[PDB]
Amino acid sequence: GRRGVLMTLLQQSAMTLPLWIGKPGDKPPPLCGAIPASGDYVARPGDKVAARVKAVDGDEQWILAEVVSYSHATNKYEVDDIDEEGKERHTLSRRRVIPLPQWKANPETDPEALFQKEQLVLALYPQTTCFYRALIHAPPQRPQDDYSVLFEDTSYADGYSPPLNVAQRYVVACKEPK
């Protein structure tokens, strides 16, 4: 149905993410893999982001969304919930938005642009459009490889999932408290 097609789309979006190709002696650019955005950065309409949506009852959830607009008067974005189901638009502060990477980091050329083993991240849970807290189990070793992550998961006695695969496009800095 609509959900399965969306997942196909999101998998495709992750695959088509261009690899960053630097030249010798440089630093990988902001939004290459794990490299944070520049200090006063604003994402472009159409850019994908992780957006922290506060439900009416106060529950906080990081979701995948697409930027619609921004205003420096308020320092706020409009974003659209990527599943586009029902009422998809949300107005939220810039600190509630993490831009997704615009390149994959190539593990061969730029390992400094990858999250490392044991690092705390927010990662898109497979077959969802929601980000949750996780630890890196393994960075990709090859250009096309996912991160392997351990999601925090209280349904396991030791509080962690088995290693799950999440693409570079869908792993970002952990801006979520425990």
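Start at 1 and count along the sequence shown; that's the residue number.
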Of the other entries that cover residues on both sides, do at least a third skip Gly58?
-> yes
Taking the recorded C-alpha temperature factors, which stretch has the higher mean, 158 to 166 or 19 to 27?
-> 19 to 27
Taking the mean of the C-alpha B-factors per stretch from the entry, tell me the winner out of 85 to 93 and 98 to 106.
-> 85 to 93
Out of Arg142, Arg52, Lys48, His137, highest CA B-factor residue | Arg142
Which third of the chain does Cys174 land in by C-alpha B-factor: lowest, middle or highest?
-> middle
Tell me, lowest, middle or highest third: where does the Cα B factor of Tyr70 rank within its chain?
-> highest
